[PDB]
Amino acid sequence: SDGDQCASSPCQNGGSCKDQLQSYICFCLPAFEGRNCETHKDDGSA
Ligand SMILES: *[C@@H]1O[C@@H](C)[C@@H](O)[C@@H](O)[C@@H]1O
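Residues numbered from 1 in each chain as written, not as in the entry; some residues may be left out. Heavy atoms only, no water.

**Some words on the side chain of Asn36**
With respect to the helices and strands, the residue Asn36 is situated in the loop between β3 (32–33) and β4 (39–40). With residues near it in sequence (within four places) discarded, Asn36 still touches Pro10, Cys11, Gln12 and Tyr24. (Helix = DSSP H or I, 4+ residues; strand = E, 2+ residues; numbered from the N terminus. Contact = heavy atoms within 4.5 Å.)

Given below as structure tokens:
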């Protein structure tokens, strides 16, 4: 699977995705979580 696996915005919350070997990589901030930075670590009611 050597190619690009992030040509469809897999990560969110301003996640920095980068094309790497096999799969890709998303560099986010410590205040963000989720399988693809799609969740903000705000910790409110839920
Ligand atoms: C990509 O890296 C992450 C960690 C943030 O700094 C983004 O704003 C940047 O584009």
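Past the structure itself, the notes keep going.
**Here's the deal with the environment of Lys41**
Summarising the element assignment, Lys41 is placed in the segment after β4. Residue class for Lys41 comes out partly exposed when judged on its relative accessible area of 38%. Separated by 10 residues in the primary sequence, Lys41 and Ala31 place their C-alpha atoms 5.1 Å from one another. When sequence neighbours within four positions are dropped, the list of residues in contact with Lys41 reads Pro30, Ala31, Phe32 and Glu33. Among the polar contacts listed, one links the side chain of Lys41 to the backbone oxygen of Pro30, at a separation of 3.2 Å. (Buried < 20%, exposed > 50% of the residue type's maximum accessible area, 1.4 Å probe, protein only. Polar contact = N/O pair within 3.5 Å; in protein donor to acceptor, adjacent residues only side chain to side chain.)

**Quick look at the pairing of strand β2 (residues 24–27)**
Looking at chain direction, strand β1 (residues 16–19) and β2 are connected through 4 bridges and run antiparallel. Across the sheet, residue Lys18 finds its bridge partner in β2, namely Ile25. In sequence, β1 turns back onto β2 through a hairpin of 4 residues, with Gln22 there showing a positive phi of about 55°. (Pairing = 2+ DSSP bridges.)

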